[PDB]
>>> print(open('work-v9.txt').read())   # compact mmCIF, C-alpha atoms
# COMPACT_ATOMS: atom_id res chain seq x y z
CA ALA H 1 -10.63 -11.62 1.34
CA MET H 2 -9.75 -13.03 -2.08
CA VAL H 3 -10.26 -10.70 -5.05
CA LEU H 4 -9.03 -12.48 -8.16
CA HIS H 5 -7.35 -11.13 -11.29
CA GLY H 6 -5.57 -14.32 -12.42
CA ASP H 7 -5.43 -18.14 -12.41
CA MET H 8 -4.01 -19.87 -9.34
CA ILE H 9 -1.89 -23.01 -9.25
CA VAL H 10 -1.80 -22.97 -5.46
CA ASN H 11 1.65 -23.90 -4.14
CA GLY H 12 0.35 -24.02 -0.56
CA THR H 13 -2.61 -25.80 1.05
CA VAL H 14 -6.19 -24.69 0.33
CA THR H 15 -8.11 -25.32 3.54
CA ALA H 16 -11.59 -24.14 4.53
CA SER H 17 -14.60 -24.66 6.81
CA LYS H 18 -17.49 -24.15 4.36
CA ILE H 19 -17.96 -24.11 0.58
CA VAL H 20 -20.64 -22.81 -1.78
CA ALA H 21 -20.16 -22.92 -5.55
CA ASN H 22 -21.91 -23.55 -8.87
CA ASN H 23 -19.77 -26.47 -10.12
CA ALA H 24 -16.38 -28.12 -9.65
CA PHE H 25 -13.96 -29.59 -12.19
CA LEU H 26 -12.02 -31.55 -9.57
CA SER H 27 -9.45 -34.36 -9.71
CA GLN H 28 -10.16 -36.71 -6.77
CA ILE H 29 -12.89 -36.59 -4.16
CA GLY H 30 -14.10 -37.42 -0.69
CA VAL H 31 -17.67 -37.72 0.62
CA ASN H 32 -18.18 -39.87 3.73
CA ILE H 33 -21.96 -40.26 3.86
CA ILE H 34 -24.00 -39.22 0.85
CA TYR H 35 -26.46 -36.58 1.94
CA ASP H 36 -27.89 -34.24 -0.66
CA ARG H 37 -28.35 -30.50 -0.97
CA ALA H 38 -31.92 -31.68 -1.35
CA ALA H 39 -31.32 -31.86 2.41
CA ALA H 40 -28.06 -29.94 2.91
CA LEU H 41 -29.09 -26.47 1.70
CA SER H 42 -32.56 -27.45 2.81
CA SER H 43 -32.88 -27.28 6.57
CA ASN H 44 -31.37 -30.14 8.58
CA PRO H 45 -28.87 -31.70 6.12
CA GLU H 46 -30.24 -34.95 7.55
CA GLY H 47 -33.63 -33.74 6.30
CA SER H 48 -35.68 -34.55 3.21
CA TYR H 49 -33.63 -36.96 1.11
CA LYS H 50 -34.51 -40.18 -0.72
CA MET H 51 -31.43 -42.43 -0.46
CA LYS H 52 -28.30 -41.98 1.63
CA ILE H 53 -25.37 -44.04 0.33
CA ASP H 54 -23.05 -44.29 3.35
CA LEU H 55 -19.99 -46.25 2.21
CA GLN H 56 -18.92 -47.08 5.78
CA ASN H 57 -21.27 -49.87 6.93
CA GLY H 58 -22.98 -51.46 3.90
CA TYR H 59 -25.65 -48.76 4.11
CA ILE H 60 -27.89 -48.38 1.04
CA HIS H 61 -31.16 -46.91 2.36
CA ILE H 62 -33.65 -46.41 -0.48
CA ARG H 63 -36.71 -44.16 -0.16
CA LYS P 1 23.84 46.20 -6.66
CA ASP P 2 22.72 45.66 -10.25
CA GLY P 3 21.44 47.95 -13.00
CA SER P 4 18.67 50.12 -11.57
CA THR P 5 17.62 47.19 -9.35
CA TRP P 6 19.23 47.37 -5.90
CA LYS P 7 18.71 43.66 -5.32
CA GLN P 8 19.14 43.11 -1.58
CA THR P 9 19.80 39.70 -0.01
CA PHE P 10 20.88 40.00 3.65
CA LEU P 11 19.30 42.27 6.23
CA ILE P 12 18.97 42.93 9.94
CA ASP P 13 16.76 45.78 11.16
CA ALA P 14 16.84 47.37 14.61
CA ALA P 15 13.22 48.48 14.33
CA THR P 16 11.36 45.17 14.26
CA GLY P 17 14.10 42.58 14.83
CA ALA P 18 13.62 41.39 11.25
CA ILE P 19 16.28 39.00 9.95
CA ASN P 20 16.20 38.51 6.18
CA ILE P 21 18.20 36.29 3.83
CA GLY P 22 17.91 35.67 0.11
CA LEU P 23 16.04 37.51 -2.61
CA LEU P 24 12.46 38.55 -1.91
CA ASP P 25 9.38 37.20 -3.67
CA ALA P 26 6.76 37.69 -0.96
CA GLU P 27 5.25 41.08 -0.16
CA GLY P 28 7.46 41.49 2.91
CA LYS P 29 9.23 38.14 3.21
CA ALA P 30 11.88 35.94 1.63
CA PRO P 31 12.29 32.15 1.53
CA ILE P 32 14.55 32.00 4.60
CA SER P 33 13.87 35.46 6.00
CA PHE P 34 12.80 35.60 9.63
CA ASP P 35 10.73 37.59 12.11
CA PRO P 36 11.35 36.89 15.81
CA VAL P 37 8.66 39.50 16.42
CA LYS P 38 5.46 37.46 16.23
CA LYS P 39 8.01 34.67 16.24
CA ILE P 40 8.22 32.32 13.27
CA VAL P 41 10.96 29.97 12.03
CA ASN P 42 10.50 30.00 8.25
CA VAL P 43 12.71 27.94 5.93
CA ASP P 44 12.30 25.77 2.84
CA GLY P 45 14.21 23.37 0.63
CA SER P 46 17.29 21.24 1.32
CA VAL P 47 19.53 20.02 -1.50
CA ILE P 48 21.32 17.52 0.73
CA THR P 49 19.39 15.58 3.37
CA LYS P 50 20.93 12.35 4.68
CA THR P 51 19.58 12.52 8.23
CA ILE P 52 16.85 13.48 10.66
CA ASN P 53 16.41 12.91 14.39
CA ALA P 54 12.66 13.28 14.97
CA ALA P 55 9.97 12.08 12.60
CA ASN P 56 8.92 15.34 10.90
CA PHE P 57 5.53 13.69 10.49
CA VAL P 58 2.78 15.75 12.13
CA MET P 59 1.36 18.94 10.62
CA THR P 60 0.38 21.78 12.95
CA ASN P 61 -0.40 25.52 13.12
CA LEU P 62 -3.98 24.29 12.52
CA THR P 63 -5.07 21.51 14.86
CA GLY P 64 -7.84 20.36 12.52
CA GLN P 65 -7.28 21.92 9.09
CA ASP P 66 -3.56 21.17 8.78
CA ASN P 67 -3.99 17.42 8.72
CA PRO P 68 -0.89 15.59 10.05
CA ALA P 69 0.27 13.92 6.86
CA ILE P 70 3.09 13.13 4.46
CA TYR P 71 1.57 12.88 1.00
CA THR P 72 1.80 13.78 -2.67
CA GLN P 73 0.90 17.45 -3.01
CA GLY P 74 -2.19 17.85 -5.18
CA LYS P 75 -3.73 14.42 -4.56
CA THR P 76 -5.54 12.78 -1.66
CA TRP P 77 -8.08 10.11 -0.64
CA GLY P 78 -10.59 9.95 -3.47
CA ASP P 79 -8.67 11.07 -6.55
CA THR P 80 -8.51 9.02 -9.74
CA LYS P 81 -4.80 9.82 -10.08
CA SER P 82 -2.21 7.17 -9.25
CA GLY P 83 -0.56 9.42 -6.65
CA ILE P 84 -0.18 8.70 -2.93
CA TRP P 85 -1.35 10.04 0.42
CA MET P 86 -0.29 8.97 3.92
CA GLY P 87 -0.43 10.17 7.51
CA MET P 88 -3.05 11.17 10.09
CA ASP P 89 -5.79 12.96 8.20
CA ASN P 90 -7.80 15.19 10.52
CA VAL P 91 -10.83 16.04 8.38
CA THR P 92 -11.75 12.47 9.36
CA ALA P 93 -9.60 12.61 12.55
CA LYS P 94 -7.74 9.42 11.55
CA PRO P 95 -5.31 8.29 8.84
CA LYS P 96 -6.34 8.34 5.21
CA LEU P 97 -4.25 6.56 2.62
CA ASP P 98 -4.17 5.47 -1.01
CA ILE P 99 -1.35 3.97 -3.08
CA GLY P 100 -1.85 3.55 -6.81
CA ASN P 101 -4.68 4.15 -9.24
CA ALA P 102 -8.46 3.98 -8.68
CA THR P 103 -8.87 0.36 -9.87
CA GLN P 104 -5.64 -1.56 -9.05
CA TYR P 105 -4.43 -0.05 -5.79
CA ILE P 106 -4.71 -0.15 -1.99
CA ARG P 107 -7.07 2.27 -0.24
CA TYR P 108 -7.31 2.84 3.49
CA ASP P 109 -9.14 5.03 5.98
CA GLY P 110 -8.36 5.23 9.67
CA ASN P 111 -11.12 2.72 10.41
CA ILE P 112 -11.22 0.40 7.38
CA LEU P 113 -9.37 -0.56 4.19
CA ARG P 114 -10.29 -1.34 0.57
CA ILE P 115 -7.81 -3.42 -1.45
CA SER P 116 -9.71 -4.41 -4.60
CA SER P 117 -6.76 -6.41 -5.98
CA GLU P 118 -5.42 -9.96 -6.07
CA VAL P 119 -2.16 -11.71 -5.32
CA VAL P 120 -0.56 -15.00 -6.30
CA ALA P 121 -5.52 -13.88 -3.56
CA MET P 122 -4.62 -16.42 -0.87
CA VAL P 123 -0.92 -17.26 -0.51
CA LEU P 124 -0.54 -19.62 2.43
CA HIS P 125 2.26 -19.98 4.98
CA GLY P 126 0.27 -21.59 7.81
CA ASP P 127 -2.74 -23.68 8.88
CA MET P 128 -6.13 -21.97 9.09
CA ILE P 129 -8.86 -22.60 11.64
CA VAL P 130 -11.17 -20.12 9.95
CA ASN P 131 -13.06 -18.01 12.49
CA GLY P 132 -15.22 -16.47 9.75
CA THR P 133 -17.29 -17.98 6.94
CA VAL P 134 -15.60 -19.66 3.96
CA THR P 135 -17.87 -18.96 0.99
CA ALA P 136 -17.18 -19.46 -2.72
CA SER P 137 -18.67 -19.86 -6.21
CA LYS P 138 -16.47 -22.64 -7.65
CA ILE P 139 -14.07 -25.27 -6.31
CA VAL P 140 -11.32 -27.43 -7.81
CA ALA P 141 -9.16 -29.65 -5.62
CA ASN P 142 -7.43 -33.04 -5.40
CA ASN P 143 -9.17 -34.39 -2.27
CA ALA P 144 -11.11 -33.27 0.80
CA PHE P 145 -10.95 -34.48 4.41
CA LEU P 146 -14.30 -32.91 5.33
CA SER P 147 -16.69 -33.26 8.28
CA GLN P 148 -20.26 -33.10 6.90
CA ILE P 149 -21.48 -32.78 3.34
CA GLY P 150 -24.12 -31.65 0.90
CA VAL P 151 -24.79 -32.84 -2.67
CA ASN P 152 -28.32 -32.34 -4.00
CA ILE P 153 -28.31 -34.43 -7.17
CA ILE P 154 -25.45 -36.82 -7.76
CA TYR P 155 -23.79 -35.90 -11.02
CA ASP P 156 -20.21 -36.96 -11.61
CA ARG P 157 -17.05 -35.28 -12.81
CA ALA P 158 -17.37 -38.04 -15.36
CA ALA P 159 -19.88 -35.43 -16.56
CA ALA P 160 -19.01 -32.32 -14.50
CA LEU P 161 -15.45 -31.66 -15.68
CA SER P 162 -16.53 -33.31 -18.90
CA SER P 163 -18.67 -30.97 -20.96
CA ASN P 164 -22.30 -30.53 -19.90
CA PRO P 165 -22.28 -31.70 -16.24
CA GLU P 166 -25.56 -33.34 -17.25
CA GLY P 167 -23.49 -35.21 -19.85
CA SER P 168 -22.01 -38.70 -19.95
CA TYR P 169 -22.83 -40.35 -16.63
CA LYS P 170 -24.14 -43.81 -15.72
CA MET P 171 -26.38 -43.34 -12.66
CA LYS P 172 -27.64 -40.11 -11.09
CA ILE P 173 -28.76 -40.60 -7.48
CA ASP P 174 -31.04 -37.62 -6.85
CA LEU P 175 -32.20 -37.87 -3.23
CA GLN P 176 -35.15 -35.51 -3.78
CA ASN P 177 -37.80 -37.58 -5.61
CA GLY P 178 -37.01 -41.31 -5.26
CA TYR P 179 -34.74 -41.02 -8.29
CA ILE P 180 -32.33 -43.92 -8.87
CA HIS P 181 -31.64 -43.94 -12.62
CA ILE P 182 -29.25 -46.76 -13.54
CA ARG P 183 -27.37 -46.85 -16.85
CA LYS K 1 41.06 31.83 14.88
CA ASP K 2 42.95 28.64 15.72
CA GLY K 3 46.56 27.53 15.34
CA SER K 4 47.67 28.24 11.78
CA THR K 5 44.12 27.45 10.59
CA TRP K 6 41.98 30.60 10.32
CA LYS K 7 38.78 28.58 10.54
CA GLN K 8 36.01 30.89 9.30
CA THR K 9 32.31 30.30 9.98
CA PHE K 10 30.19 33.36 9.14
CA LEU K 11 30.55 35.49 6.02
CA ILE K 12 28.82 38.07 3.85
CA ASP K 13 30.54 39.33 0.70
CA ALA K 14 29.66 42.48 -1.23
CA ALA K 15 31.09 41.06 -4.45
CA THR K 16 28.72 38.17 -5.18
CA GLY K 17 26.06 38.47 -2.46
CA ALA K 18 27.37 35.26 -0.91
CA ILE K 19 26.02 34.45 2.55
CA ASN K 20 27.95 31.71 4.35
CA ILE K 21 27.45 29.98 7.70
CA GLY K 22 29.27 27.10 9.34
CA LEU K 23 32.58 25.45 8.55
CA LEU K 24 33.34 24.63 4.92
CA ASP K 25 33.67 21.14 3.46
CA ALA K 26 32.67 21.80 -0.14
CA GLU K 27 34.99 23.46 -2.65
CA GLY K 28 33.21 26.80 -2.30
CA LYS K 29 30.21 26.00 -0.10
CA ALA K 30 29.18 25.10 3.44
CA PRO K 31 26.23 23.10 4.78
CA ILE K 32 24.00 26.15 5.31
CA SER K 33 25.92 28.66 3.23
CA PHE K 34 23.91 30.51 0.59
CA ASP K 35 24.17 32.16 -2.81
CA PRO K 36 21.29 34.44 -3.83
CA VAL K 37 23.24 34.93 -7.05
CA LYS K 38 22.09 31.99 -9.17
CA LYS K 39 19.64 31.73 -6.31
CA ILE K 40 19.59 28.60 -4.16
CA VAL K 41 18.22 27.89 -0.68
CA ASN K 42 20.61 25.25 0.68
CA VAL K 43 20.19 23.74 4.15
CA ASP K 44 20.43 20.32 5.78
CA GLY K 45 19.70 18.53 9.03
CA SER K 46 17.29 19.34 11.86
CA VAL K 47 17.84 18.01 15.38
CA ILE K 48 14.32 18.94 16.49
CA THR K 49 11.38 18.52 14.11
CA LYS K 50 7.90 18.32 15.62
CA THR K 51 5.98 19.99 12.78
CA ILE K 52 5.53 20.68 9.09
CA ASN K 53 2.85 22.51 7.13
CA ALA K 54 3.17 21.15 3.59
CA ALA K 55 3.97 17.56 2.70
CA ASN K 56 7.67 17.79 1.78
CA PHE K 57 6.98 14.83 -0.50
CA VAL K 58 7.88 15.63 -4.11
CA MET K 59 11.45 15.75 -5.41
CA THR K 60 12.34 18.35 -8.04
CA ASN K 61 15.25 20.18 -9.72
CA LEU K 62 15.02 17.25 -12.17
CA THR K 63 11.53 16.60 -13.49
CA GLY K 64 12.35 13.02 -14.47
CA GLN K 65 15.61 12.00 -12.79
CA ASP K 66 14.83 13.29 -9.30
CA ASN K 67 11.98 10.91 -8.70
CA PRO K 68 9.41 12.31 -6.22
CA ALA K 69 9.94 9.92 -3.34
CA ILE K 70 10.49 9.40 0.37
CA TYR K 71 12.57 6.26 0.75
CA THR K 72 15.50 4.53 2.42
CA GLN K 73 18.68 5.94 0.90
CA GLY K 74 20.64 3.19 -0.82
CA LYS K 75 17.73 0.84 -1.56
CA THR K 76 14.87 0.82 -4.04
CA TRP K 77 12.41 -1.35 -5.99
CA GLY K 78 14.28 -4.56 -6.78
CA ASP K 79 16.84 -4.90 -3.99
CA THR K 80 17.18 -8.02 -1.86
CA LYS K 81 17.63 -5.86 1.25
CA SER K 82 14.77 -5.50 3.73
CA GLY K 83 14.77 -1.70 3.35
CA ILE K 84 11.89 0.46 2.13
CA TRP K 85 11.01 2.76 -0.75
CA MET K 86 7.92 4.94 -1.21
CA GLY K 87 6.67 7.84 -3.29
CA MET K 88 6.15 8.70 -6.97
CA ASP K 89 8.99 7.10 -8.87
CA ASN K 90 9.52 8.82 -12.21
CA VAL K 91 11.81 6.36 -14.01
CA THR K 92 8.51 4.48 -14.35
CA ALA K 93 6.44 7.72 -14.03
CA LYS K 94 4.36 6.22 -11.19
CA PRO K 95 4.89 5.10 -7.59
CA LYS K 96 7.26 2.27 -6.79
CA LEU K 97 7.24 0.69 -3.36
CA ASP K 98 8.60 -2.21 -1.34
CA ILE K 99 8.40 -2.93 2.39
CA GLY K 100 10.40 -5.82 3.80
CA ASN K 101 12.66 -8.49 2.37
CA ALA K 102 12.57 -10.18 -1.05
CA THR K 103 10.51 -13.22 0.06
CA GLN K 104 8.17 -12.12 2.90
CA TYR K 105 7.23 -8.54 2.04
CA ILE K 106 4.86 -6.32 0.07
CA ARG K 107 5.92 -5.04 -3.36
CA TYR K 108 4.11 -2.45 -5.44
CA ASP K 109 4.49 -0.57 -8.70
CA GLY K 110 2.29 2.32 -9.80
CA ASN K 111 0.16 -0.06 -11.86
CA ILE K 112 0.22 -3.38 -9.96
CA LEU K 113 1.23 -5.01 -6.66
CA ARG K 114 2.93 -8.24 -5.57
CA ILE K 115 2.28 -9.43 -2.00
CA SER K 116 3.63 -13.00 -1.90
CA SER K 117 2.61 -13.49 1.75
CA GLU K 118 -0.26 -14.88 3.81
CA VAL K 119 -2.43 -13.70 6.67
CA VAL K 120 -4.57 -15.38 9.31
>>> encode(input="work-v9.txt", output="structure tokens")
Amino acid sequence: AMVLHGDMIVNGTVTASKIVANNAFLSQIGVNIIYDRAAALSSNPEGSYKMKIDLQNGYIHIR
Amino acid sequence: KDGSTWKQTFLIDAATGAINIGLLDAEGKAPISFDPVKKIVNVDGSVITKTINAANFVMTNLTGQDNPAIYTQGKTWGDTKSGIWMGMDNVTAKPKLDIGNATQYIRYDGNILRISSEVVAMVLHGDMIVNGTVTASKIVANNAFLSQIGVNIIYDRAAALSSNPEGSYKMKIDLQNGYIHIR
Amino acid sequence: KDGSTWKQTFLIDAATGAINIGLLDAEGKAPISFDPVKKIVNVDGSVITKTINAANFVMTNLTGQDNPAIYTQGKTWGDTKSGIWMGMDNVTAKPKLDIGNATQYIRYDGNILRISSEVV
């Protein structure tokens, strides 16, 4: 329900439950456990990937 | 009396109970003339109106084809003009409405609405547990306290916000073909 | 008749076609008095109204400075009050509108709108 005719400097909080886009010129990030859309958009986001860099427990799994 | 024109204004006739006031323009009627026979209360216009007591909202004398409505005469739901229309339309049995032009406006029908316009179009005064689907085409933010992720081929905003998201980066971890390129 | 005040209500004069009803408050007029000479249909107020047939929407007798509009008397587009205003404003030639206060409301002008509010 957001039809856009201008540029938004949001003075509130931009929350959400899902996100699809083509790119993102962001400022600072957060990604707990590196899946990929090689698996995410693909079925089972824990599906076909080659290396999942989880920064929580010294986890560099290389495939 | 006037010239050869016996202009008559007030009348009461003991033949049909007709009660007439004001000059005549109709074939046998005047703006505020009356006819208790086949009773009808006919009036029009009010220079001063500072009050009502009931709504004066519905339209009747035709249950279906006098649609209850307060609207701009000469414009309705589907006109390119920037006029207005409100009330309970009865050709659809439920309210029609349109405020503004045909591109930057608010349209409504008794069942659904069409507001093809923005606002500064998500202004937020509360916290959202979205019960729908939050889709999008682009995203810019300062951080994200997410739950689960997806990132096909690890670029960086060292390249993404920078020109050519395939631009200046140092290691692109694509999880699709055993691709760890280190620079 | 009353006291030394000959309060007159109904009248018809064969000098100017004047048709008068009700007590007088104006200089030479009454709420539902009439004057077919320089014709005018003047009335006001209706205790019972359960019907209309045409909109009763436009405002005329001044093409530009009687703006076609149904609105709260004493408030319009740009007032901090929480009143309302609707219709085809003619000082801008197109509809003005505002429902609610000056912070949590919906504003509109014939061309554009300003709804500085949320929804869930």
>>> closest_residue(input="work-v9.txt", among="P:28, P:62, P:71, P:99", to="residue 109 of chain K", atoms="all atoms listed in the file")
P:99
>>> closest_atom_pairs(input="work-v9.txt", of="chain P", to="chain H", cutoff="10 Å", atoms="all atoms listed in the file", output="tab-separated table")
residue	atom	partner	partner_atom	distance
P:104	CA	H:5	CA	10.0
P:115	CA	H:3	CA	8.5
P:116	CA	H:3	CA	6.3
P:117	CA	H:3	CA	5.6
P:118	CA	H:4	CA	4.9
P:119	CA	H:4	CA	7.5
P:120	CA	H:8	CA	6.7
P:121	CA	H:2	CA	4.6
P:122	CA	H:2	CA	6.3
P:123	CA	H:12	CA	6.9
P:124	CA	H:12	CA	5.4
P:125	CA	H:12	CA	7.1
P:126	CA	H:13	CA	8.5
P:127	CA	H:15	CA	7.7
P:128	CA	H:15	CA	6.8
P:129	CA	H:16	CA	7.8
P:130	CA	H:17	CA	6.5
P:131	CA	H:17	CA	8.9
P:132	CA	H:17	CA	8.7
P:133	CA	H:18	CA	6.7
P:134	CA	H:18	CA	4.9
P:135	CA	H:19	CA	5.2
P:136	CA	H:20	CA	4.9
P:137	CA	H:21	CA	3.5
P:138	CA	H:21	CA	4.3
P:139	CA	H:24	CA	5.0
P:140	CA	H:26	CA	4.5
P:141	CA	H:26	CA	5.2
P:142	CA	H:28	CA	4.8
P:143	CA	H:29	CA	4.7
P:144	CA	H:30	CA	5.3
P:145	CA	H:30	CA	6.7
P:146	CA	H:30	CA	7.5
P:147	CA	H:32	CA	8.2
P:148	CA	H:32	CA	7.8
P:149	CA	H:35	CA	6.4
P:150	CA	H:40	CA	4.7
P:151	CA	H:36	CA	4.0
P:152	CA	H:37	CA	3.5
P:153	CA	H:36	CA	6.5
P:154	CA	H:36	CA	7.9
P:156	CA	H:25	CA	9.7
P:157	CA	H:25	CA	6.5
P:158	CA	H:25	CA	9.6
P:159	CA	H:25	CA	9.4
P:160	CA	H:25	CA	6.2
P:161	CA	H:25	CA	4.3
P:162	CA	H:25	CA	8.1
P:165	CA	H:23	CA	8.4
P:173	CA	H:51	CA	7.7
P:174	CA	H:50	CA	7.5
P:175	CA	H:50	CA	4.1
P:176	CA	H:49	CA	5.3
P:177	CA	H:50	CA	6.4
P:178	CA	H:50	CA	5.3
P:179	CA	H:50	CA	7.6
P:180	CA	H:51	CA	8.6
>>> atom_distance(input="work-v9.txt", atom1="atom CA of residue 56 of chain P", atom2="atom CA of residue 49 of chain K")
5.1 Å
>>> interface_residues(input="work-v9.txt", of="chain K", to="chain H", cutoff="12 Å", atoms="only C-alpha atoms", output="number ranges by chain")
K: 112-113, 116-120
>>> residues_around(input="work-v9.txt", residues="segment 86-90 of chain K", least_positions_apart="4", cutoff="6 Å", atoms="only C-alpha atoms", output="PDB file with C-alpha atoms, keeping the file's coordinate frame")
ATOM      1  CA  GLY K  64      12.350  13.020 -14.470  1.00  0.00           C
ATOM      2  CA  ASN K  67      11.980  10.910  -8.700  1.00  0.00           C
ATOM      3  CA  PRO K  68       9.410  12.310  -6.220  1.00  0.00           C
ATOM      4  CA  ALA K  69       9.940   9.920  -3.340  1.00  0.00           C
ATOM      5  CA  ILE K  70      10.490   9.400   0.370  1.00  0.00           C
ATOM      6  CA  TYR K  71      12.570   6.260   0.750  1.00  0.00           C
ATOM      7  CA  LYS K  94       4.360   6.220 -11.190  1.00  0.00           C
ATOM      8  CA  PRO K  95       4.890   5.100  -7.590  1.00  0.00           C
ATOM      9  CA  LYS K  96       7.260   2.270  -6.790  1.00  0.00           C
ATOM     10  CA  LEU K  97       7.240   0.690  -3.360  1.00  0.00           C
TER      11      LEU K  97
END
>>> atom_distance(input="work-v9.txt", atom1="atom CA of residue 78 of chain K", atom2="atom CA of residue 106 of chain K")
11.8 Å
>>> closest_residue(input="work-v9.txt", among="P:80, P:65, P:5, P:103", to="residue 23 of chain P", atoms="all atoms listed in the file")
P:5
